[PDB]
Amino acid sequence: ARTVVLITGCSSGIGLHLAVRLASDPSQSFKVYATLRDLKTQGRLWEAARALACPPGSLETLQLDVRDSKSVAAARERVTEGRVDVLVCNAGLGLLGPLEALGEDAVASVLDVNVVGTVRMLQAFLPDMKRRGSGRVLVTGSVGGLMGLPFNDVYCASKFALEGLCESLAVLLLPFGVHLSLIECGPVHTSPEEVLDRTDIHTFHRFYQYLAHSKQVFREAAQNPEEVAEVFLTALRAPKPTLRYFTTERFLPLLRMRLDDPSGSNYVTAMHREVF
């Protein structure tokens, strides 16, 4: 029997590349359900699928909006095999800007998709895994879930939230045979006027500095999505998967600094100098 995989957020980036990587595996081991918020965005997925020659029936798309528990339930009912071996919670939103310039709705949305949406998926698929005593859950994490990044306050809040959520569940799930892992990604290749109206000129200037810095880090360190997708596959095949996989060791030093001074002083000074 094939390994049934259901992946959220497949219209672009990591989820699109993971879905076609699995569906096109030479062994034909996987049956992938690539889910998307809006089916109008599925063209790139199908263009990639043909480029990798995914066999007919290896990949199927479903509409799944993680903000709606009814959409989660209807997608679950569409898994014809009646089981999900691997669940990949990857749907996510970013949010960048001065905290006081962010709309209340944008903040609530980032938390509803990134955090509550993952809870909705776990509530919908975890119980059957627990009963069977088998199943793999992979969650797309971020270096921003491990350390705070300026002008990413709500995005980091959401990614930190996934760390707490997953770590808490892992403690309980240890003896159930259900394995949860976070795949910790760094940067991956995948109007000023309005910001200025909602913040001070000094914060505005620091935002520019952050953006200039971020562009350089991205140009220098962004990983190809194929390399990142492969870390998900590595986690899936591990007999005894760990709670966290890192796609790069680039940020481990900063993470260790952070983790070694619980007052936070060293990290805050170090990251302020790094960005600014």
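Rigid core here is just the name for the largest C-alpha set that superposes within 1.5 Å across the two forms. Start at 1 with the first residue shown and count on from there.
191 to 199 versus 113 to 121: which one's CA atoms end up farther from this form in 7 other deposited structures of this protein after a core fit? Between 113 to 121 and 191 to 199, greater C-alpha deviation in 7 other deposited structures of this protein belongs to 191 to 199.
Is there a break between residue 190 and residue 191, and how many deposited residues does it span: none, 1 to 3, 4 to 9, or 10 or more? Gap size class: 4 to 9 residues without coordinates, per the record.
For the C-alpha atoms alone, is the average B factor greater in 4 to 12 or in 265 to 273, going by the entry? Looking at the record's C-alpha B-factors, the answer is 265 to 273.
Stretch with the higher entry mean CA B-factor, where the candidates are 92 to 100 and 124 to 132: That would be 124 to 132.
Reading the B-factor column of the entry, which of 153, 112, 197, 184 has the highest value at its C-alpha atom? Max CA B-factor in the entry, restricted to 153, 112, 197, 184: 197.
Highest recorded Cα temperature factor - choice among 61, 41, 28, 248: Highest C-alpha B-factor among the listed options: 28.
Just say lowest, middle or highest third for the CA B-factor of residue 172 relative to the other modelled residues in its chain. Highest third.
Within this chain, which third does the Cα B-factor at residue 216 fall in: lowest, middle or highest? Within its chain, residue 216 is a highest-third residue by C-alpha B-factor, going by the deposited values.
When the deposited Cα B-factors of this chain's modelled residues are ordered and cut into thirds, is residue 67 in the lowest, the middle or the highest one? It belongs to the middle third of the chain when residues are ordered by C-alpha B-factor.
Record-listed C-alpha B factor of residue 50: chain third: According to the entry, residue 50 has a C-alpha B-factor in the chain's middle third.
Ranking the modelled residues of this chain by C-alpha B-factor as given in the entry, is residue 179 in the lowest, middle or highest third? As the PDB entry reports it, the C-alpha B-factor of residue 179 lands in the middle third of its chain.
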